[PDB]
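Novice: sequence and experimental coordinates follow.
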Amino acid sequence: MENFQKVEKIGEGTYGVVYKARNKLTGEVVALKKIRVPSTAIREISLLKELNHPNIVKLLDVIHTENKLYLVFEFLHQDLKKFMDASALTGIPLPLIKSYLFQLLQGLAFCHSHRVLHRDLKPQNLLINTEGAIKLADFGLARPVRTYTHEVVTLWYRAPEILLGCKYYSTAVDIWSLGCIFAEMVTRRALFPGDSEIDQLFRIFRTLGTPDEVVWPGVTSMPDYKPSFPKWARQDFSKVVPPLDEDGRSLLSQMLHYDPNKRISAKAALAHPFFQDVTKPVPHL
Ligand SMILES: Cc1ccc(N(CC#N)c2cc(Nc3ccc(OC[C@H](O)CN(C)C)cc3)ncn2)c(Br)c1
C-alpha cells in the first residue's frame, strides 16, 4: 500500500471500501479496492486479470500483502447511476442508450464466451468516460445480503431463476439484469424496484405474468417456487417501456424471457435489428 496515496473515497463497495488513489511512483491514478485470504480466491482473481476487454474495467494489479487483498482498477470518473440521475428530467438520448447497451452486450459476449458471469449487474457498477465508452466493473468478483457497511444489496436487477432458488444459474442472469437496466434508461424509472425477495419476484410477476410450465418448463419444480403464488396476467411492453420503438421492445422482451434457455444471448442480441443504426455519441457529463 505504501506505493499508493489515498486521494478520496469513491464509495462503499460490496466487498469493501474503494478509494481513488495515486501510485506514489508511476503517478497513475487508480481505483483502489480493499477486499473485506483463501487460496481459491487468489486463483480466481488472478484469472480475472486475464479477462481484458475494452468494455470491462481493467484490473491493473492484484496485491496480496500483509495477508490482505487489494485490487487496483483503471479509474473512470463516473458510474451510470449518477448519469441517469443527472439525466432524470431530460432523459438519456436514445442514440446514447443504444450505444451503451451495445457496448455492454459486447462486454458480456466476451466474458460469457470465456464462461465468466458478472452475476450482479447494476447501474452502480457500470462506468462511463467522457469519450462515450461504458464498462462493466466488479466483473467476476461474485464467484452478501449487506455490504461491509451493512448497506442492503439491491435486488432490482436479479433474474427470476436466482430469486426462485436456482443454484446453477447461467450467463442468462446477466442478460436479464442488463434488460432491466435498458428499460430504466428508457423510462427513467426502475423496472422492478423490489425491497425484499418476494416483493421483487411479485413485481416481476405483476408485469410479465406469473410464470407457469407453458412459458417456463420446469419452473414449478424450482426450489422456492410456491403453487400458492398469486396468478397475475402479463402486460404489453407497449405499456412497460413507452415510447421505445418496436425494435427496442422486441429486444427487451427477448432479454426478459422467463426461461433462461429462451432468453437471448449477448452475441445474438448484438445482431438484433435494434443496433442497425448504432453509433457512439459523446455524453454530456
Ligand atoms: C460502488 C462501487 C465502488 C467502486 C467501484 N470500482 C471497482 C471496480 N471494478 C471502480 C470505480 C471507478 N470510478 C468511479 C466509480 C464511481 C464513482 O462514484 C460512485 C458514486 O457512488 C455515485 N453514486 C451516486 C451511484 C466515481 C468514480 N473506476 C474503477 N473502478 C464500483 Br464499479 C462501484
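Specialist: Arrived safely. Residues are numbered from 1 along each chain as shown.

Novice: all helices for the stretch 151-285 of the chain, in order.
Specialist: Shown for the stretch 151-285 of the chain, the helices assigned by DSSP state H, counting those that start in this stretch span residues 160-163, 172-187, 197-208, 237-240, 246-255, 266-270.

Novice: now the residue in the stretch 101-250 of the chain positioned nearest to the ligand: how far from residue 257?
Specialist: At 3.0 Å from the ligand, residue 137 is the closest residue in the stretch 101-250 of the chain, using Cβ to the nearest ligand atom. The way it works is simple: take the backbone N, C-alpha and C, and place the C-beta from them, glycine included. Counting by Cβ to Cβ, to the nearest Å, the gap from residue 137 to residue 257 is 26 Å.

Novice: kindly state the domain boundaries assigned to the protein.
Specialist: 1-77, 78-283 (curated CATH domains).

Novice: out of everything not next to it in sequence, what's closest to the residue nearest the centre of the chain?
Specialist: With distances taken as Cα atoms, centre = their mean, the residue of the chain nearest its centroid is residue 121 (1.5 Å). Computed as Cβ to Cβ, 6 or more residues apart in numbering, the closest residue to residue 121 that is not its neighbour in sequence is residue 177, at 3.7 Å.

Novice: what sits against the one you found?
Specialist: Going by Cβ atoms under 8 Å, 6 or more residues apart in numbering, residue 177 touches 118, 120-122, 157-159.

Novice: and those residues, which are buried?
Specialist: Among these, those classed as buried by 16 or more other Cβ atoms under 10 Å are 118, 120-122, 157-159.

Novice: same list (those residues) but as JSON lines, adding distance to the ligand.
Specialist: Conversion of those to JSON lines gives the following (distance: Cβ to the nearest ligand atom, whole Å):
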{"residue": "118", "distance to the ligand": "11"}
{"residue": "120", "distance to the ligand": "10"}
{"residue": "121", "distance to the ligand": "11"}
{"residue": "122", "distance to the ligand": "9"}
{"residue": "157", "distance to the ligand": "14"}
{"residue": "158", "distance to the ligand": "17"}
{"residue": "159", "distance to the ligand": "20"}
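
Novice: for those residues, which one is nearest residue 261?
Specialist: Residue 261 lies nearest to residue 159 out of the buried ones among the contacts of residue 177, by Cβ to Cβ, at 12.5 Å.

Novice: isn't that closest one right next to residue 169, touching?
Specialist: Yes - at 6.7 Å, residue 159 and residue 169 qualify as touching, with contact defined as Cβ atoms under 8 Å.

Novice: tell me the most buried of the domains of the chain?
Specialist: domain 78-283 (a mean of 17; mean count of other Cβ atoms under 10 Å).

Novice: that one: how far from the chain's middle?
Specialist: 7 Å (Cα atoms, centre = their mean, to the nearest Å).

Novice: next, the distance between the ends of that domain.
Specialist: 12 Å (Cα to Cα, to the nearest Å).

Novice: stretch 144-154 too?
Specialist: End-to-end distance (Cα to Cα), stretch 144-154: 11 Å.

Novice: strands of the stretch 101-250 of the chain, start to end?
Specialist: Using DSSP state E, counting those that start in this stretch, the strands of the stretch 101-250 of the chain run over residues 126-128, 134-136.

Novice: packing partners for the first one?
Specialist: Under the contact criterion of 3 or more Cβ pairs under 8 Å, 6 or more residues apart in numbering; DSSP states H and E, the helices and strands touching strand 126-128 comprise strand 78-79, helix 80-86, helix 94-113, strand 134-136.
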